[PDB]
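Before any questions on binding or motion, here is one chain by itself as structure tokens, the form deposited in one PDB entry.
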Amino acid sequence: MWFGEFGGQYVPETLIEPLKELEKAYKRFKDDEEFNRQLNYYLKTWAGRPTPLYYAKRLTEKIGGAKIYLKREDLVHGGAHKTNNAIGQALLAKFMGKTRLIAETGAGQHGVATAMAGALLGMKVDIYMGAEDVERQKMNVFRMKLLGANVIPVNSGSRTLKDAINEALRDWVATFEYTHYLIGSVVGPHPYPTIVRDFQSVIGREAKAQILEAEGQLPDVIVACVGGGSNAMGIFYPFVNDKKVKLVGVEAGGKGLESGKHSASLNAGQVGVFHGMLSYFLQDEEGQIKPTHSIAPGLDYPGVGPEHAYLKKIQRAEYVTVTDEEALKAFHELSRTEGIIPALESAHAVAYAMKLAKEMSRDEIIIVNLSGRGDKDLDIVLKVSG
């Protein structure tokens, strides 16, 4: 439940029974033979795992420093690492005898991944999405509708991701006998931060076997962008006990930390309690969630998962920021140099990796988690770049 002092189940009594039922169900099925056979089967045949580990030779030789490897989660079905968590939880839901999935979404990518997994498993899917986000993400909403899901606009509060989460939680109180609430990052009340991290750990376990194969040793640095923190946890977690391996999470620096338009919860936020968890959040002086910004829509959650707050506190991982402008340059650079169009979220990790590689030697090794592909972002980049 806790990662040091972070985490918890900060919820109404009305949620304690669904959550206890979830943890009981998860404890049973996490190591169940049939559950893991079925999970691996869908990950392999439907999602396309394992994803490759790619040596960005041209990018590496251009910068002239450490070897830059990319964990290619951009090749997973759907175009983002989120699918690993969507399948895991949707199948867990099915094993629990649930016939409906609900989920929050802001950028729309979790909604699409949930919709995909619900379609795969023949479940009804209802997606809660703040009206501001429904407006900004027409194409992802359309994907969700194509995949058979209902998108429910959320008109309360700030009409955004934080409000979608709260409305989903209210649905779940009424409907948990037949509904599973599929949370999209390593956030929320226990047992979600653990479950989502466990379902994403496949990334780091594959990456570990692949770097040992390609290079004969562990990497010096693993770099991943941090929205809520699931892609980063997925790749960090199997290396947590490898003391040589440096872990770096990259948050959205937006227009710059001094501008106030960013979403760097760990670098600039403070401890708080929202959405059932004690963690770091960006808050106004009255202790309410403040507006956030990033060019990458998957990085604009005002909080971060408790397990990252923990890793930062104990100094196991370093957390840094990259600006909109730096992300955007790395988006173009990776496209031109390696023929891979990254997600704007992932481009943050690429931008930082490029800076870090320059100060390191040519025998040292960086793995960047390329969390997604950039097709979803082409409308944004066309407007802001040209």
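In case it trips you up, residue 1 is the first one in the sequence shown, and so on. If you superpose the two forms and keep the largest set of C-alpha atoms that fall within 1.5 Å, you have the rigid core.
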| item | value |
| --- | --- |
| Comparing 184-192 with 163-171, the one whose average Cα B-factor in the PDB entry is higher | 163-171 |
| Of 75-83 and 264-272, the one with larger mean CA B-factor | 264-272 |
| Identity of residue with top Cα B-factor, from 197, 136, 110, 308 | 136 |
| Top residue by Cα temperature factor, when 230, 201, 259, 294 are compared in the entry | 259 |
| Chain thirds of CA B-factor: placement of residue 253 | middle |
| Residue 235 - Cα temperature factor, lowest/middle/highest third of chain | lowest |
| CA B-factor placement of residue 298, once the chain's modelled residues are sorted into thirds | lowest |
| Ranked against its chain, the third holding the CA B-factor of residue 359 | highest |
| Assigned third (lowest, middle, highest) for the C-alpha B factor of residue 378 | middle |
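There is another form of the same protein, the form deposited in another entry; it is not shown, and what comes next is about it.
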query	finding
Of 180, 190, 262, 162, the one whose Cα moves 2 Å or more between this form and the one not shown after core superposition	162
